[PDB]
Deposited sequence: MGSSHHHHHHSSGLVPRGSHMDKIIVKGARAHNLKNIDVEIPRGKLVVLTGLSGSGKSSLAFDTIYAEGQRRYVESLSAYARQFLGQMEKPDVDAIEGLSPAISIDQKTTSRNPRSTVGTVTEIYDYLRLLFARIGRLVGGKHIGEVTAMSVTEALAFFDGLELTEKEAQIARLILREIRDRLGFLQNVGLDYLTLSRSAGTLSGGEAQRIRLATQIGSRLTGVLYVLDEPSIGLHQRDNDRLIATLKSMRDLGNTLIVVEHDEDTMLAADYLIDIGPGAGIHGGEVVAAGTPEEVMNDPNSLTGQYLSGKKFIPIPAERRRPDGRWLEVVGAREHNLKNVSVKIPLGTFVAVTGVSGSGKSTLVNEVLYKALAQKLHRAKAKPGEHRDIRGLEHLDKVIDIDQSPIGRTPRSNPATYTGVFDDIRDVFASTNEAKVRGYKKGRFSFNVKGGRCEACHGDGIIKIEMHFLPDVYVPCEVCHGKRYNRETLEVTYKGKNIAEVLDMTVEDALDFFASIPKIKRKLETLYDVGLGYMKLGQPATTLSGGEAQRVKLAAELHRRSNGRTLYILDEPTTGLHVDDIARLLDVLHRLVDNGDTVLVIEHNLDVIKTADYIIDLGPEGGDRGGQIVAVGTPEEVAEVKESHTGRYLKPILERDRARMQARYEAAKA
């Protein structure tokens, strides 16, 4: 009745042993990049699936069952994917259970969000009615409003009660609290994670002082409600007559210089309004982008902007020669430091010598890629003679092998470099190596690198930043860092607009645009606008109804602490 993992070493896992109870709803949590993903998927799921299919770096796994993953890793349509040939009767019910009743059967699978695709996959799997299976789920709350949280949990417990084991990788409060058993992975992330910090009932995890997760679940840590909301400064964008998909001829004003959250249940029209209409219309007017925007009459207030930038979880680059140091430009500052050493000068090495993208200093066998690791440079990317030049006893490959946090100390006497490294540290990437290849960064890591570069950029207040569900993949502690960074962009007078369901984010927003009231044909209207406090009071707003008790909970936690 237990899955026994012994000596798990995948990625950053530190040769760990873990017991997971079978026939239970088990949640694995931790920071983004803690190793929770390596444990659930690269280790447990991979081994369980491999063993059945016969018909990962680990010593032994005992008590495995044949495993099925439910993630986004899987022109067809909704109808073809669920084999069903607006939401024969059996399947349709499962689509409703996973919160997808607003989808049409004709919908291109290629145009579903990742959260939608994941939930179609979940529906198909519930349809199988299998027992004795080990299900491994990645973050099933993605794309789901707090209102649908209870039904998701009930759906998971129903699969469990059929006689299956559920391993759920999550950061969502309610899911963790509803778990049979909860495992906190990683003190930190990467090199700083990969350990079992705490394991037991949610209640036992809350009472464990070592557990970062337990400290947030118990209230010892929380994201505060901001003292004041920023007020509009007279600059508005206005979307006029938005009609794309289910949007009911919507007009709405967006205040610049504020942190704006677009909210609403799944299928309410959030992504249509923001991605299909606003982003595409702005990108076409501002950057001459090709993509045809969704149906709308007009967008006013374009005189206020120079640029629109969507920050998503797509890669920062396509080669190993791209990394966090090259993306932020801290790489070029480092090359300048090496070029300024006595030994570089004596040898006549200019900055170009310390670039792995040009002939001279790079390893010529791998053209500076490092890669199987190149037999010549062993992945260091530079030839032997270049590597003899050191700054403070370190060569350029050793520098690129430093974590952001160690590089911060190492470059303490170079302000320009410090300032760039601080942005990466502040976004939550202190653990990451400067030279980590773009090809190996997770989605969340890539979004955070991009945010770090934006934070550094000189601002004129004329940029609109758009982020579609940026809390995807993030622990509440990661979210605190994300919010710190996003609010700092707004302080420059730029505008941050997020599509979110996460109430930790929403409660810190200056301004909310709530769509609905429901999804599909029953959505596409503006339900409420205003501050979190204003939306909290609107009875017809599902977002408000769930937001109100969060504002109250976290105001009370603030007032309890002032009682110091």
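- Numbering the deposited sequence from 1, one finds several regions with no C-alpha coordinates, namely 1 to 21, 77 to 90, 110 to 114, 126 to 150, 153 to 178, 463 to 474, 668 to 670.
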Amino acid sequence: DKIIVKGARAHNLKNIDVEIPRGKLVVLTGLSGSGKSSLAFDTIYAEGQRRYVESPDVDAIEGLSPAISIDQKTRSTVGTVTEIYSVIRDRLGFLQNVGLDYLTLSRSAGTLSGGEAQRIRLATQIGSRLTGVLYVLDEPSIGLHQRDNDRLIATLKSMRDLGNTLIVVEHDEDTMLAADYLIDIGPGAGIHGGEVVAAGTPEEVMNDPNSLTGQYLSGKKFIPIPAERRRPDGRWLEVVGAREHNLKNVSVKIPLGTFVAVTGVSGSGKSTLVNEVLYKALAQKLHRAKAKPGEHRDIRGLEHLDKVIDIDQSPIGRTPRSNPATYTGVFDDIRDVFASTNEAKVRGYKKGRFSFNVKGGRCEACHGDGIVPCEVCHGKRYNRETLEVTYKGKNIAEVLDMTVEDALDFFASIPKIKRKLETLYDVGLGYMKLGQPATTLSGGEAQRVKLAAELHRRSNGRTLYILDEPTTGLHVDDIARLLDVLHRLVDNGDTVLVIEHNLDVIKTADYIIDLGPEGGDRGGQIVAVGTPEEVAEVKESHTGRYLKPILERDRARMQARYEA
From here on, numbers count along this sequence of modelled residues.
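- As the entry records it, the average C-alpha temperature factor is higher for 552 to 560, out of 552 to 560 and 20 to 28.
- For the pair 491 to 499 and 515 to 523, the mean B factor over Cα atoms is greater in 515 to 523.
- Each of 312, 401, 204, 138 has a CA temperature factor in the record; the biggest one is found at 204.
- Annotation for 85, 465, 411, 431: 85 ranks highest, by Cα B-factor.
- In the PDB entry, residue 107 places in the highest third of its chain by CA B-factor.
- Ranked by Cα temperature factor within the chain, residue 47 sits in the middle third according to the deposited record.
- Remark: residue 510 belongs to the lowest third of its chain, ranked by C-alpha B-factor as recorded.
- Residue 240: CA B factor lies in the middle third for its chain, per the PDB record.
- When the modelled residues of the chain are ordered by their C-alpha B factor, residue 39 lands in the lowest third.
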